[PDB]
Amino acid sequence: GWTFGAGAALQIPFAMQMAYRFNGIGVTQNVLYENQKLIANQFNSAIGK
Amino acid sequence: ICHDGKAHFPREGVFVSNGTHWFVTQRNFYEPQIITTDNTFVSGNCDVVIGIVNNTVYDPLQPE
């Protein structure tokens, strides 16, 4: 995540780190937790153009 | 977590367990607490999230 630049590295799964970041712009967490597949597909298609 | 056929998400913090019990704590310090309905909100049903577990959610007032 972002804890390796301010101390010691601490592990965390990816799908929860994305919710952590997603909470910082206004939208809540269930929006991400209910649309994981669509977001993964969009990201995968975006990187490749 | 999933209780009574519903999905409960945390308000501020994470879900942690010591092996046989579940708690709620802040993300930057270790201070365990018991799960009630005053620090979670419910949205949807129990078939959309991946990794849902089972437990019981304490109701603080009505059954007391």
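Keeping their order, the protein sequence lines are chains B and A. Residues 885 to 933, numbered by the authors' numbering, are exactly what the first sequence covers, in order. Residues 1081 to 1144, numbered by the authors' numbering, are exactly what the second sequence covers, in order. Just so you know, even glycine gets a beta-carbon here, dropped at the ideal spot from N, CA and C.
Just the chain B side, please: which residues come within less than 9 angstroms of A:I1130 by C-beta, in chain order?
Under the 9 angstroms cutoff, chain B gives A899, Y917, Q920.
Any C-beta of chain B under 8 angstroms from that of A:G1085:
For A:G1085, not one C-beta of chain B is nearer than 8 angstroms to its own C-beta.
Does the beta carbon of B:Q926 come closer than 8 angstroms to any beta carbon on chain A?
The C-beta of B:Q926 comes no closer than 8 angstroms to any C-beta of chain A.
Take B:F906 and list the residues in its own chain whose beta-carbon comes closer than 6 angstroms to its own, dropping the five residues that flank it on each side.
If we look at B:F906 and ignore the five residues flanking it on each side, its Cβ neighbours are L916.
To the nearest angstrom, how far is the alpha carbon of A:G1085 from that of B:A924?
One C-alpha to the other measures close to 27 angstroms.
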